[PDB]
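Take a look at this single chain, the form deposited in one PDB entry, given in structure tokens.
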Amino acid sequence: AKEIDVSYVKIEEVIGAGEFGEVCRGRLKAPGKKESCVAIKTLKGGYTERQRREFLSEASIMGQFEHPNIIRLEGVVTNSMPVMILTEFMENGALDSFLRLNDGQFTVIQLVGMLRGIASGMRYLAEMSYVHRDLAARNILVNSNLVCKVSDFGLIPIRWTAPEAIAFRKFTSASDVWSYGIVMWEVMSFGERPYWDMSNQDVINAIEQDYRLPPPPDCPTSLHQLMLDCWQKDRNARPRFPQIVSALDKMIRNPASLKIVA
């Protein structure tokens, strides 16, 4: 992770609260480059030397990722206090709230483009053996061009989690695929809560009955079928991320196939 001199950083508003400190919007103005907006995670005060380490481990993990659909680490501030992790700032914020605010205002092909971007980011993570464990629309940021970037904001996410990961903590890329299917439903439903206001126990019960979420209004049948593929109880039968990307690319190539609705 690139070390950023704190003199190049300005904090403009606190937008959240993490496990070790704050989340802020700010500005980064490095000597040679233009000034950009950044999101900042902070860690300050009387943290143990361990907590600092645990805090900075996140930046070491993120620094491995370079993909257009994965949030981009700008760098870290570690030679001064507060300790900080900086990423790019995404104009449209989190995907779930973005879609709820803009309910019905995107075409199927636009939504499929978002889903394809998310799937490509996940294919990249799976290829380097990184299991996300909390893939959900709330963890996906949207830029001004509608590009979706997988992120992880930390925290119980029962309703996005594959049954084997709930029961036995077996988290794999295949359980991420289950979560991806939920994200597909969130997107095509313009940010409805998975399983509505069913309790967590109601959700586990429904899945055990072999129930699966229905096609959202106006959702092409082929997209809902791909959701059903992601939600197979047998994790080995779920498509892998490259197969998901290929399936979405076929729909983009053959848009008439997106006209078939329930």
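We call the rigid core whatever largest set of C-alpha positions still superposes within 1.5 Å between the two forms. Note that residue numbering begins at 1 and tracks the sequence as displayed.
Form deposited in another entry: not shown, discussed below.
Trainee: With the core superposed, find the residue in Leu43, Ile70, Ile207, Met227 that moves its CA 2 Å or more between the shown form and the other one.
Mentor: The listed residue whose C-alpha shifts by at least 2 Å is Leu43.
Trainee: On a rigid core superposition, would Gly26 pass a 2 Å threshold for CA movement between the shown form and the other one?
Mentor: Where the cores coincide, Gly26 still shows a C-alpha shift between the shown form and the other one that is 2 Å or more.
Trainee: Tell me whether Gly16 is among the residues that move between the shown form and the other one (Cα shift of 2 angstroms or more, core superposed).
Mentor: It does, since the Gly16 C-alpha is displaced 2 Å or more between the shown form and the other one after the core fit.
Trainee: Classify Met198 as shifted (yes) or not shifted (no) between the shown form and the other one, where shifted means its C-alpha moves by 2 Å or more with the rigid core superposed.
Mentor: Superposed on the core, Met198 moves its C-alpha less than 2 Å between the shown form and the other one.
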